[PDB]
Structures are given as C-alpha cells and as structure tokens.
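Read through the structure below, which is laid out as structure tokens, and then see the notes.
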Amino acid sequence: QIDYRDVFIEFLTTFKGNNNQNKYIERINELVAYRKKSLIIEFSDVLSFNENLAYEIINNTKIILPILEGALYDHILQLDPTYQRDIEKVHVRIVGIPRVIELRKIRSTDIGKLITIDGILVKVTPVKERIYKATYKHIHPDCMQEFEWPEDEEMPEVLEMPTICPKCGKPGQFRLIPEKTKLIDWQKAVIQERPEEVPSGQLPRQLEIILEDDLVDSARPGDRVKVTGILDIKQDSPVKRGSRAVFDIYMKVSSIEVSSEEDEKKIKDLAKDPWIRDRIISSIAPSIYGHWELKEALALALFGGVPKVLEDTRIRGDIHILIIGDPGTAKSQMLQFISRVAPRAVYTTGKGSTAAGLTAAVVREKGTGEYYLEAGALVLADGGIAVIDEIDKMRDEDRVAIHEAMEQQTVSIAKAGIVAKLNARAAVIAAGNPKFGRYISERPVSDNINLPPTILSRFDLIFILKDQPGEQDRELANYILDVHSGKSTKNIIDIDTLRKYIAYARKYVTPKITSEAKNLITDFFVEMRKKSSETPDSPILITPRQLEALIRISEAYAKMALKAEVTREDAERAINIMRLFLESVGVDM
Amino acid sequence: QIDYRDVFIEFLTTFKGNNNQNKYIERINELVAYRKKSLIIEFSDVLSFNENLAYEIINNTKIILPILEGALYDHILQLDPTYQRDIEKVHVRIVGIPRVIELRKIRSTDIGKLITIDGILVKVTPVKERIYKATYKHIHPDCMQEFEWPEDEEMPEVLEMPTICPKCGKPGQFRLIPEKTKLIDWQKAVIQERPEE
DNA sequence: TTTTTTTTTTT
Ligand SMILES: [Mg+2]
Ligand SMILES: [Zn+2]
Ligand SMILES: [Zn+2]
C-alpha cells in the first residue's frame, strides 16, 4: 500500500556507518563511474534504518524488488545522464537475510520465499544465453509478418512457440529471428552441503542453482559460498508424458557471497609483535607434542615464496615438503590440521585417488553426446595447497601425473579430442612410511622409503620422524593425557584468525631480497659446493636446485612477519633450516 | 545515408601508403591476375583516410558490407572484363578492428556486433558444402513444377522446406533438386583461449 | 572416457 521508494531513496543518501563515512553514497559512486549495474545492501543496515522496509523485502520480494530497482535507476539517471544508452537496468542485491536453512531441511513450505543456504560449490557450467523475449516471423506467403511472441510477459523457462499468428489469425510455420531476439546471460552451478552437516551414515546432498546476468563467473569450484534467492520447482522434459508428477527444486540466485576492516586492523596488530614468527609456529597443531622443526617447515609452506617470471623460464614460489615417519608419529594429524587452516587446500589419499581424479576427468554429456572436462584435485588446488597422504601406497600410473605438477606447475590433457594445458600452481605436502616398518638410520633415504629417486629431487625439504622410545616418553604421556582432559595451551592464535592472517599475507606482501641477504646465500652455497666437491658421497644431491629452495624459504620467512624486504636475519634462518635438511638425511658436514 | 561507394572506390585508388605508392591498386591487380576474389583492407588506413567511413564499417557491417562489395566488383570488371564468368562475387574483409574482446568476457551485449578474438585453433573439420539457395519440385500429380524456395532471401542456416507450393498454391510433397541448387564451401573450427588468460 | 566387477582377449 505505502510506497517504500521514498524511504528507500533517502536511506541510500542518508545512512551513517561505523566511522561516519556514508558508505552507500560512496558505494553508489563507482557504480556509475565503473558501470557495475549491481548494488549490494546489508539487511542489518536496512533493518536498523526502518524495519518496515526490511520486512517488506523479505516477504514481498517478488513485487517490491522491481519497484526498488526502478527508483535507483532514476537516481542514477539524474546523478549522471551518461548512464543512459549504456546500462538500461540496475540490480539491487540483498545479503544477510536471517532466514538461513540447512540444505537437508528444505521442505515444501519454503518454496517461493527468500532464503539463504551455505554450502560448497562443486560444479560450474560455461556461460550461456537465455531468451527472455523472442521475435518470430510467420512463414505463410500471405503473412511475412514479425512479432514478439511472449507479449505482455516474459518467456517462461520452457520455450513455447506460437500456434496462431497474432497478425493474421492463421496457424503454420514460424521462424525465429535472432537479430531482434532479446538475450540474457545464464549459468548453472551445483552446491553441496558442508561435511559437518551430513548426518551419520548418510551421503551429502546437492542443490542446483542458477546464476544470471552479472552474477555469472562469480565463484570457482571448491569454494565455500553463501547464496540467497528464491526456490522453485524444476521443469526439464514437459513433453515426457506418463507418470512422474514429482519435481526437483532449484534455487534462483539473487546474491552470492564467498567465504573486513576490523580484521585487517587485527592482523596488523599481530605483526607488530617481534616474536610473531614464534607465535605462529606454536599455533600449528597445538595438540601435537614436539616436532618443532617439522612445524616450522609446515608454516613456511602455508605462506610460500614469490614466483618469478624470467626471460625464458619460470620459477615457482611454492614449497614442497615430504615427510617420512614411523607409524603413529602423528603424521596424519598435522596434515588434517594443515588442510583445515589453509585458506584453500585439498586433502587426498594415495589409495583413494586416480589419475583422472587428480588432474581432470572427461564427462560425456549423454543428453547431447558431448565431451567436456571436469576439474581434478590438483586443478582445484591451484593457488593453494595439495595434501597427499600415503603417497608411497599410490599406484605408479597415478603418480606420474604429480611429476609434471611439482616440476612445471602445469597439467597436460589430451584425450577424447580435447587438448589443453592447465595451471596447477599448488604446494604439495606428502607423507609416507618407511619400507620395513620403523626407519633404519644407517641405510640411505633412497632405499628406505620405497620411492623413485626422480621424485625425491622435486621436494624442497624432506623430514624423517623416528619414534624411538626414550626419556621423553613421560613428557609425551603427560601432554597427551592433558589433551584428553580438556586442558589447552595458552597464547595460541585460533584457526579463524590464523587463516585470515595467511590469506592477507599471501595477497599483499611480496618481499624483495636485499644485497646483504644475497651475499649470505651465495657465500653459503659456494662454500658448501667446495666442501661437497671434496666428497659428494651422499644419496641427497646438492644441485643448484637447492639454491632456489633457499631463495623461496627466505622469502616465506619475510612474508610470515609481513615484511617487505628480506633482511640478514631471514636469510640466516633459511640457511639454518636448509642446513639441517642437508645433514639430517644421513650425511654429515 | 551518404553513398560511400564512390568514397570507397577513390580511397582504394588514392591511398597514400608508405611512399604514396597506392598499394591497394597493386593488390587489386594481383587479385585480378590470380582470381583471388578476396580483398583485405586495414581499419587504420580507412580511419586515417576517412574516419566517417571507418565508423560505418565497424557499426553497420550487416548493411553496408554488401554495398561496398558491389562497388568493388563493378570497379574490377570495369578494369578487367575477363574477371567475369569466373567470379560472380568478390569479398572484402576488414582487419585490425579496435574492438577486441577477451573470450571469457563475452556477454549478451556483444551479439550482432563486429568483434575480434585471439586464441588457439584446436579442431578443424573437413571441408563441406552448405546450401544457400535450394531448388524444389512439387510432387503432386498436377504440378510438376520447380522453384527456389527461399524466395528473395538467402536460405537460413536451418534447412526448411516449403509447406505450400508457390506456383500452384497447394500443399503436398516436395523433392529437392541437387543439380539446380546453389552451394557454398563450409568449414567448422574450434578456437580455445590461451592458457595465459 | 571412466570406475567397477566380471569373463575375456589383448594390450
Ligand atoms: Mg597416517
Ligand atoms: Zn500470420
Ligand atoms: Zn505445386
């Protein structure tokens, strides 16, 4: 009854934020400057300003939304006439709806209402075009007339062809005219419920969502997203008569969120502590006793180095870690922790993986007999971390796919007439067991781990964990029992804060190596080569590839402390950890 | 509105090249020598010579492109009468269009406009034949009449047959006549975006 | 092509 365009338009112009900045007028600025055509409004902000406007949006969404969109378009038109003839429609998207429903708990009462669902994006289709206003021509020698068939409305989800010519009243043949046909961008994605919500003994459920217009290509597979929109029943084969009055539900997306100022302030305060590096290392797997050297290396892999593109070749910034340890050395516990704290990570197992599942799988579209690719584990981990457990138990045919990923950071696909090269810039963390149960110190690493030497040289660091009973057993027993009793360590950065800290560092920090750091690295290398030249009788090689690892590790240390330069201390720490690896593999100085 | 046919003809014959050599005349003569039927021109040269002509090409390529080809064809046959009876339709192609769109960035607003794409060829089908003007015969014991169904219009990409015989005004069964059907070479290729982008 | 269990030939 009461028009809400008046209260809405002044709400945009008059609204004060946390720091008294008038965000919405600032947000609407680049909407006309950069031609976004889409606006984002928080539900809490609208509710505080006027609850009547807020509750009208949730309930009467299908009616108030077109009215509100028209009001904002007029506001932009008077503010900048240049918007006309450029963008003819503006979308306003609402986020933060309190009505959040689990994927498994959707029932018939929620159809046609604005709801929000949290899940994981698993499938994305290529962008396509959908007709919303067609133009036909009547093929009848008398007629030769053109008209817009879905008059006075929009073309439904089912393409319907006119049966009677509206301009002559006769049936016959109608020809589509693509030149005058109106189109709109259209994409389809599949969302899956998070593993924490799956009940015992059940399999995860999936929901189909539709992204249209500017919402296309707003997310990548494997991302955790929050999606808001309207549920509706799905019609795909109306002509398939005969039983089956049962339909599936699909979601019509109106706004999507992936995964900000106070958090940035909190991150900066943490970096101010001189001992921030020690705090971060102590926060890695707090429930595991000892393994300080391994924890330090795992922290470096989370941040990584800086990739370099030379005149001819490319230098990866990712760090590869290989762990060999006796059974029960808590190898799998840390890898689970790493996969949970990293902003983007994929956890796999040697036995539960295949070559197609790791890189890309060809799927034949039985509906049209068409071939298309599906992203594998390594592709989904691009820009993140790939964790592989029990690498020694993987099949040889499935292991060769990893060889290219670690070396060239690429995956080559040539099958079913599809040829492509895929980026796989991901850090690889692998764990394995020795051949004969426990580890034999006297024998070299190569004959004690059951892996080809061609894959050993591709790892930046290798660590050996030995479970030898000794005087530390009492400390280990006391620590474990305290964990089972609920006792927790203090001064530990929590998972959520740690994940945000890593994401910020990987995005805004690019350390540069100073002259002093270069001299220390060079001097260590050349003196090591001279020492190694006397007697290079070790299973572990000392090739110039080790020099690149020293560069990567030093950059990671600087990035951990949010520093823009690599100083003497960072280079010194990188040498120490590299020196241990060059000697803990069974070879002395 | 303004007939650019004269402007196009003089532009080709009076194009100041790197040394005012009128290289367009040189390639036109080369085209006549080997019967190439395809003339390519640079958008920069057209814009420099007459920016108004360049805008019309890049904006109304659906309408004015056949007009320009007709003007070029008349000039070629006038220059050399032996070109007839060999090529009935010349081709003019534009290169260097400033409107460059990334393949992933294509949206609905770019449909029906002249754009350029950079990528990698992955698949190429063998050369085939496409019908652009068919001939049909009405199989109805009183007709025995032949006609070209797509009257005053090129045959659309969707093969459609007449429903009512135009010559006799009756429905029935129609048979295609391959011997009186116009054909054009047709090939399909797939382009893939570069891994860098 | 792809994962799976099965009998079969042939990688
Ligand atoms: Mg384990
Ligand atoms: Zn009609
Ligand atoms: Zn007839």
Side-chain angles (χ1 to χ4, degrees), chain A residues 119-128 187-195 198 201-208 220-223 236-237 248 332 335 339 345-382 384 386-406 408-424 426 428 430-432 452 454-455, chain B residues 103 119-126 188-195:
Chain A
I120 311 298
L121 211 69
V122 290
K123 283 148 132 56
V124 168
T125 67
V127 186
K128 287 154 127 296
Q187 195 175 44
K188 161 156 76 102
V190 182
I191 191 172
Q192 191 171 289
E193 60 178 338
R194 305 178 292 113
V198 183
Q202 313 257 28
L203 292 157
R205 297 276 172 79
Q206 291 180 351
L207 184 72
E208 202 217 74
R220 63 185 271 190
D223 278 5
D236 65 81
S237 54
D248 290 17
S332 298
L335 296 197
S339 80
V346 183
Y347 184 87
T348 64
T349 294
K351 266 298 305 189
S353 311
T354 57
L358 282 176
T359 54
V362 160
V363 173
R364 186 183 304 107
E365 211 286 306
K366 190 68 173 174
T368 68
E370 200 86 308
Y371 284 122
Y372 68 101
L373 282 183
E374 192 73 16
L378 284 167
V379 171
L380 291 163
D382 188 64
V387 176
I388 304 169
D389 216 335
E390 298 134 293
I391 188 146
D392 55 336
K393 265 134 192 160
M394 214 174 35
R395 266 147 80 225
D396 275 293
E397 58 251 41
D398 305 335
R399 200 154 52 212
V400 300
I402 305 184
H403 287 185
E404 200 196 338
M406 325 191 44
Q408 281 102 47
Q409 303 229 280
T410 36
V411 155
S412 52
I413 296 295
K415 56 181 155 183
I418 316 178
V419 198
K421 198 86 69 45
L422 313 165
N423 299 124
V428 177
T454 184
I455 208 167
Chain B
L103 190 179
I120 312 297
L121 258 46
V122 284
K123 255 179 280 146
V124 160
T125 68
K188 157 150 62 58
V190 186
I191 181 173
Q192 186 180 278
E193 63 179 329
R194 298 165 291 132

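Lettering of chains follows the sequences in order, A, B, ..., and the numbering in each one begins at 1. These numbers come from the heavy atoms of this one structure, side chains and all, not from hydrogens, waters or symmetry mates.
- The salt bridge (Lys or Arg N to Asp or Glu O under 4.0 Å) search around A/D396 returns A/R399, not counting sequence neighbours.
- Judged as a side chain to side chain donor-acceptor pair (under 3.5 Å), the pairs with a partner in residues 369-380 of chain A (not counting sequence neighbours) are, in order, A/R364-A/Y371.
- Checked against salt bridge (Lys or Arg N to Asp or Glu O under 4.0 Å), A/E193 has the following partners two or more places apart in sequence or in another chain: A/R104.
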Provide a list of protein-nucleic acid N or O atom pairs under 3.5 angstrom, restricted to nucleotides 2-5 of chain C.
unit_1: C/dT2; atom_1: OP1; unit_2: A/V362; atom_2: N; d: 3.0
unit_1: C/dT2; atom_1: OP1; unit_2: A/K415; atom_2: NZ; d: 2.7
unit_1: C/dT3; atom_1: OP1; unit_2: A/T354; atom_2: OG1; d: 2.7

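- Residues that satisfy the salt bridge (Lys or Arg N to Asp or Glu O under 4.0 Å) test with A/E404, not counting sequence neighbours, are absent from this structure.
- In this structure, CD1 of A/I418 is placed 9 Å from P of C/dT1, rounded to the nearest angstrom.
- With sequence neighbours excluded, the residues satisfying salt bridge (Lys or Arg N to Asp or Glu O under 4.0 Å) with A/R395 are A/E397, A/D398.
- Taking the P atoms as reference points, C/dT10 lies 23 Å from C/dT6, given to the whole Å.
- C/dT6: sugar pucker north (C1'-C2'-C3'-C4' torsion positive).
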